[PDB]
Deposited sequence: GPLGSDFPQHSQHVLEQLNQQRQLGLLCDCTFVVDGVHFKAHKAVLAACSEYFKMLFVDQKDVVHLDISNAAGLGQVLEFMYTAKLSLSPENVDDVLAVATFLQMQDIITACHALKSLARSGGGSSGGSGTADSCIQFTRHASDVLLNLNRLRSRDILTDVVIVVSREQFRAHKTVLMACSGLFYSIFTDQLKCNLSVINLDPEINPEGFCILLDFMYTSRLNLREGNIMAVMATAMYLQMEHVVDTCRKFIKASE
């Protein structure tokens, strides 16, 4: 039960995008960097496009994907609407129609409070079906497919691995063989769902794995469960 976790992840993904970290797609006189997985999580069109491998309002649509905020004006509304229609982004389509229903002469900044949760939920659906995963994490015998960007968002250890010049481009990451696979699996689920499935027999392994992955708030939550 971590109710701010999806909002935290979204802000981390936005920080990444601003710094170009793990960004694997670039749109053009403006250069916009993005993550394919995040785009796929927000747009059915991008998801199809990236599985299979320039428009004026794209900046605004990207901004919305990464911040949950959409800034409309009379100057950009039609552009944003056209792009959103093409990308099948219903939330945006409806916001544009809502703005135009006012006529126009209004700007609007709209904040979609459920968007972060929707993104994380969709990233997890992508992970379930192995879509756009770009890394395999190997823990002793077991193998876990994931998106680097999500790992980096949730774990200091993964941040350091993915920004190391000798490891950043590896598609397979072998963790220390002392690491408990079950512990890792539980933490990986936590990253993608906000739910930490602690059981009495796993708490010590999860706690240790969280310490190694540098997830301090999870370590604290494990500690509390031992004391309750």
(message) In sequence order, which parts of the deposited sequence are missing C-alpha coordinates?
(response) 1-5, 34-35, 61-69, 120-129, 255-256
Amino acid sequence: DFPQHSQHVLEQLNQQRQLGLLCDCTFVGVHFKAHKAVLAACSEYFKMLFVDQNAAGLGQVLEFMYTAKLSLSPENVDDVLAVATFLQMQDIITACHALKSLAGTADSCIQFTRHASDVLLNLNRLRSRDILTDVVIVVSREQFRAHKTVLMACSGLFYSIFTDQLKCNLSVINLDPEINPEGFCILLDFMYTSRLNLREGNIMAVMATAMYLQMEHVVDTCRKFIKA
From here on, numbers count along this sequence of modelled residues.
(request) State which stretch shows the higher mean Cα B factor in the entry: 62-70 or 198-206. (result) 198-206
(message) Quick check: 136-144 versus 151-159, which has the larger average CA B-factor in the record?
(response) 136-144
(message) I'd like to know which of 172, 187, 37, 48 has the highest C-alpha temperature factor in the PDB entry.
(response) 48
(message) Ranking every modelled residue in this chain by its Cα temperature factor as given in the entry, which third contains residue 44?
(response) middle
(message) Sorting by Cα B-factor within the chain, modelled residues only, which third would residue 219 end up in: lowest, middle or highest?
(response) middle
(request) Would you mind checking where the Cα B-factor of residue 127 ranks among the modelled residues of its chain, as the lowest, middle or highest third? (result) middle
(request) Looking at the entry's B-factor column for C-alpha atoms only, identify whether residue 166 ranks in the lowest, middle or highest third of its chain. (result) middle
(request) Please place residue 99 in the lowest, middle or highest third of its chain by C-alpha B factor as given in the entry. (result) middle
